[PDB]
Amino acid sequence: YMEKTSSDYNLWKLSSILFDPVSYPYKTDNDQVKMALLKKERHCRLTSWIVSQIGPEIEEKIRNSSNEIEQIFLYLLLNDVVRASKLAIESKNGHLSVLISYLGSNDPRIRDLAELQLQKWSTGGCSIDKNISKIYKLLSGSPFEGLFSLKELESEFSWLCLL
Amino acid sequence: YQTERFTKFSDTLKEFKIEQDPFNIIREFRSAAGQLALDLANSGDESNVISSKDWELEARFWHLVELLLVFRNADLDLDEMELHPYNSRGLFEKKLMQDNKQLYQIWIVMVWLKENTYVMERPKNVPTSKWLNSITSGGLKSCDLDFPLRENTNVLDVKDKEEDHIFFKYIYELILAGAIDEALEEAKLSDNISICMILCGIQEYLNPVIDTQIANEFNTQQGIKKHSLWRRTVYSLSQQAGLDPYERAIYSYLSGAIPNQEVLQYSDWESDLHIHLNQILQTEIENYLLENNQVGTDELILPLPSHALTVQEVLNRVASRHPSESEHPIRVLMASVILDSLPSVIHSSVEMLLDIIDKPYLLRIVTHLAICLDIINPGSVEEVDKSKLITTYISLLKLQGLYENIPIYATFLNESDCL
């Protein structure tokens, strides 16, 4: 009963995503499993939706960037791991590219390793590119909660974008 | 003393015929050959280094035989795996390896190949930290692996490149040897965190919670969901020059590809064969996944070859690429075992007694193999062929003056009457 364009529709939709029960049609070995799947599903819809909202903001920002690694980061802002990986590849940033492929697997090894690399840089590290550090911070799993913190991006992005 | 040898093999046969499982025979044959490999090797005339390698080779042969015949013959059929589409790629990979024995065999063989791969000693005096020389000279505006790729390699100090070479070569040897854990340890400890991270992409995704049927092996999700991507990402990385040839080699191996010429030129029969079975395997898995819609279209970034070779053909190609090595008589048996065309080759080398007599190991090995085969698989080798083989080997037991242990070999014919 509402226009898919109206902000109202956004309110009701987001509210549906977070609160309305999800159903998972396929039968599951035990029920704690079910619970886990339901969590993944909900998470995926929420994050697809957030990407729907922040979409144009970021696309504008990518339009105006003059630096490739920054673009790679912005593609990560749209939760597009693959195009980040691709641009990395293309802009000859290959290792990063590989690293990028981890974003969204929650591999704690990779997490503590990324954080480690960041401390080593932030203790000497004569110079590290401003956006590579941002990407590593994403791999760290705690991008504001941190000591190389993206919190300052508070002033450059929609709160929703950082969330 | 060493002219004891036949005893050892004979000895093993004694023990078997007397505790009246037969796979132990071969296991012992292996150990026996290996023990002998050590003897001729340690202190020796440089005429012995040759027959020493022919013993090490002997040993590897017995091992390969054990592995394959154990899997093929101790086949008592277990329970089928019932997947759902919601299941992770990890499970589908597992299912594939369960259901397709032809392909698991390829795995077995690769495992054997790795087992017997040489790895250099761990590099000493490794530096405190990565690219330290470039950092110290000033001129690394970014400390990330991709920086000198973004703009001319002139950025990296010579010594740094030289060290990256030492590292990537060592990691590569470890990867070809199956030493993945050691490779991750080296990456971690040598301040190559990002490379380590690259090595972590090797695993397909599993979630113990969803993929119930492995909620035993795992307590936590692991492995990476967008693997077809990972794989193209790595392969593309592998094709990007201005990287050390061993690093590119690594990424080649990981993507199921064939490493660059600079590295491949130094690979031997075993190494090369390994590389190409790896390729078969990788291709076959990814195809298995496509036939079950467990690959997402977004991830097909790049073209990788889809057509798997057959083990037959890989062998033929690797053969023509390494003729000398290929033609070595125990490595022919190695291949014969791999393809199962084994009694096939027995009857063959049998007719070569009717330049097999010139090399000493051969006539022995074929005989003991034939014995093992008919023990494990009654019927395996033609009755006649057993007769002919033992006949000729026995007459050598006579020429060696070891009549003592001839009855043991007799225990396979009524022809024995004639002794």
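Residues numbered from 1 in each chain as written, not as in the entry; some residues may be left out. Chains lettered and ligands numbered in written order. Part of a larger assembly, values for the part shown. Heavy atoms only, no water.

Method of determination for the deposited model, per the PDB record: X-ray crystallography, at 7.384 Å resolution.

Draft legend 1. Broad picture of the overall build of chain A. When you go through chain A residue by residue, the secondary structure sums to eight helices and zero strands. Starting at the N terminus and ending at the C terminus, chain A contains elements arranged as α-α-α-α-α-α-α-α. Reported as C-alpha extents along the three principal axes, the dimensions of chain A are approximately 55 × 40 × 30 Å. Looking at chain A as a whole, 42% of its 163 residues are labelled buried. By sequence separation, contacts in chain A at least 24 residues apart represent 48% of the contacts at least 6 residues apart. Distance between charge centres in chain A, computed from 20 positive and 21 negative side chains, equals 4 Å. (Helix = DSSP H or I, 4+ residues; strand = E, 2+ residues; numbered from the N terminus. Buried < 20%, exposed > 50% of the residue type's maximum accessible area, 1.4 Å probe, protein only. Contact = heavy atoms within 4.5 Å. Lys, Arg positive; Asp, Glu negative; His and termini not counted. Charge placed at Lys NZ, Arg CZ, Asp CG, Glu CD.)

Draft legend 2. Representation of a nonpolar patch on the surface in the model. Residue and element names in this part refer to chain A. Taken together, the side chains of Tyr 1, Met 2, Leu 11 and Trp 12 define a hydrophobic patch exposed on the protein surface, amounting to about 620 Å² of accessible area. Among the secondary structure elements, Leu 11 is positioned in helix 1 (residues 7-19). Judged by relative accessible area, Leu 11 falls into the exposed class, the value being 51%. (Patch = residues over 30% accessible without salt bridge, like charges linked within 9 Å, V, L, I, M, F, W, Y side chains within 5 Å. Areas by Shrake-Rupley, 256 points an atom, 1.4 Å probe, with all protein chains shown as cover. Salt bridge = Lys/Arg side-chain N within 4 Å of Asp/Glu carboxyl O.)

Draft legend 3. How the structure looks around the interface of chain A and chain B. In this assembly, 44 residues from chain A lie in contact with 47 residues from chain B. A buried area of about 3,800 Å², summed over both sides, lies between chain A and chain B, and 63% of it is on carbon and sulfur atoms. Between chain A and chain B we count one salt bridge in total. A salt bridge links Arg150(B) to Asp129(A), with the nearest nitrogen and oxygen atoms 4.0 Å apart. Connecting chain A to chain B are 16 residue pairs in polar contact. Secondary-structure elements contributing two or more residues to the side of chain A that touches chain B are helix 2 (31-64), helix 4 (81-90), helix 5 (94-100), helix 6 (108-121) and helix 7 (130-140) of chain A. In terms of residue count, the dominant contributor to the side of chain A that touches chain B is helix 6 of chain A (seven residues). Split by residue class, the side of chain A that touches chain B holds 21 nonpolar, 14 polar and nine charged. (Buried area = accessible area lost by both parts, 1.4 Å probe. Polar contact = N/O pair within 3.5 Å; in protein donor to acceptor, adjacent residues only side chain to side chain. Nonpolar A, V, L, I, M, F, W, Y, C, P; charged D, E, K, R; others polar.)

Draft legend 4. Summary view of the packing of helix 11 (residues 227-239) of chain B against helix 14 (residues 269-291) of chain B. Residues and elements named next belong to chain B. Contact pair helix 11 / helix 14: the axes reach a minimum separation of 12 Å and the direction vectors enclose 145°. The handedness of the crossing between helix 11 and helix 14 comes out as left-handed. Here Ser 228, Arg 231 and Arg 232 of helix 11 lie close against helix 14, whose contacting residues are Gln 282, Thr 283 and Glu 286. (Axes fitted to C-alpha atoms, helices over the stretch in contact; angles between N-to-C directions. Left-handed = near helix turned anticlockwise from the far one by under 90°.)

Draft legend 5. Focus on the environment of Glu56(B). Residues and elements named next belong to chain B. Assignment of secondary structure puts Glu 56 in helix 3 (residues 48-73). The partly exposed category is assigned to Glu 56, whose relative accessible area is 35%. On a C-alpha basis, the gap between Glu 56 and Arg 30 in space is 9.2 Å, while along the polypeptide they are 26 residues apart.

Draft legend 6. How the structure looks around the packing of aromatic side chains. Enumeration over the complete set of coordinates arrives at twelve aromatic pairs over all chains. In this structure an aromatic cluster arises from ring pairing among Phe9(B), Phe29(B), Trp55(B), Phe61(B) and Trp62(B). Just above the ring of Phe157(A) sits the side chain of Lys61(A); from NZ or CZ to the centre is 4.9 Å. We note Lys225(B) situated over the ring of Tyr205(B); from NZ or CZ to the ring centre the distance is 5.2 Å. (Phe/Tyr/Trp six-rings, centres within 6.5 Å; stacked < 30°, edge-to-face > 60°. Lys NZ or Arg CZ within 6 Å of the ring centre and 35° of its normal.)

Draft legend 7. Structural view of helix 18 (residues 342-351) of chain B. Residues and elements named next belong to chain B. Buried within helix 18 we find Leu 342, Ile 346, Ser 349 and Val 350. In an axial view of helix 18, the angular spread of the buried residues amounts to 115°, which keeps them on one side of the axis. Lining the buried residues of helix 18 we find helix 17 (329-338), helix 19 (360-376) and helix 20 (383-399). (Arc of directions from axis to C-beta.)

Draft legend 8. Just helix 10 (residues 193-200) of chain B, in detail. Counting buried residues in helix 10 of chain B gives eight out of eight residues, a clear majority hidden from the surface. Residues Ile193(B), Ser194(B), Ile195(B), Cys196(B), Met197(B), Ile198(B), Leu199(B) and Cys200(B) constitute the buried set of helix 10 of chain B.

Draft legend 9. Broad picture of the packing of helix 10 of chain B against helix 12 (residues 245-254) of chain B. All names here are of chain B. The contact between helix 10 and helix 12 brings their axes to 11 Å, and the two run at 20°. Classed by the angle they form, the pair helix 10 and helix 12 counts as roughly parallel. Crossing of helix 10 against helix 12: the hand is left-handed. Residue-level inspection shows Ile 195, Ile 198 and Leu 199 of helix 10 in contact with helix 12, the latter providing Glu 247, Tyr 251 and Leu 254. Of the residues contributing to the contact of helix 10 with helix 12, the split by class is five nonpolar, no polar and one charged. (Parallel < 35°, antiparallel > 145°, perpendicular 65-115°, else oblique.)

Draft legend 10. Just the nonpolar core, in detail. Core analysis: the largest hydrophobic core is formed by 159 residues, its most contacted members being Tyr102(A) and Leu277(B). In contact with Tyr102(A), not counting residues within four places along its chain, are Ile110(A), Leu139(A), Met197(B), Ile198(B), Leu199(B), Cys200(B), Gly201(B), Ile224(B) and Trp230(B). Formed by seven residues, the second largest nonpolar core is a distinct cluster that contains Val22(A), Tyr24(A), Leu37(A) and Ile210(B). (Core = buried A, V, L, I, M, F, W, Y, C linked by side-chain atoms within 4.5 Å.)

Draft legend 11. Region of interest: unusual backbone geometry. Of note, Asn79(A) is a non-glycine position whose phi angle comes to about 55°, a positive value. Position of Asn79(A) among the secondary structure elements: in the loop between helix 3 (68-77) and helix 4. In the Ramachandran plot, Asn125(B) falls in the positive-phi region, its phi being about 30° despite a non-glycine side chain. Note on placement: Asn125(B) falls in the loop between helix 5 (101-115) and helix 6 (132-137).

Draft legend 12. Examining the environment of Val98(A) more closely. As for its placement among the helices and strands, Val98(A) is situated in helix 5. On the accessibility criterion, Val98(A) (0% relative accessible area) is buried. Considering only alpha carbons, one finds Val98(A) and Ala88(A), ten residues apart in sequence, at a separation of 8.8 Å. Those residues in contact with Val98(A) that lie beyond four places of it in its chain are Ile198(B), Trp230(B), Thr233(B), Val234(B) and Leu237(B).

Draft legend 13. Structural view of the environment of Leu184(B). Residues and elements named next belong to chain B. One can find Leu 184 in helix 9 (residues 180-189). As for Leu 184 and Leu 277, which are separated by 93 residues in sequence, their C-alpha atoms are 23 Å apart. In this structure, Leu 184 is in contact with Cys 196, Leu 199 and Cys 200, ignoring residues within four places of it in sequence.

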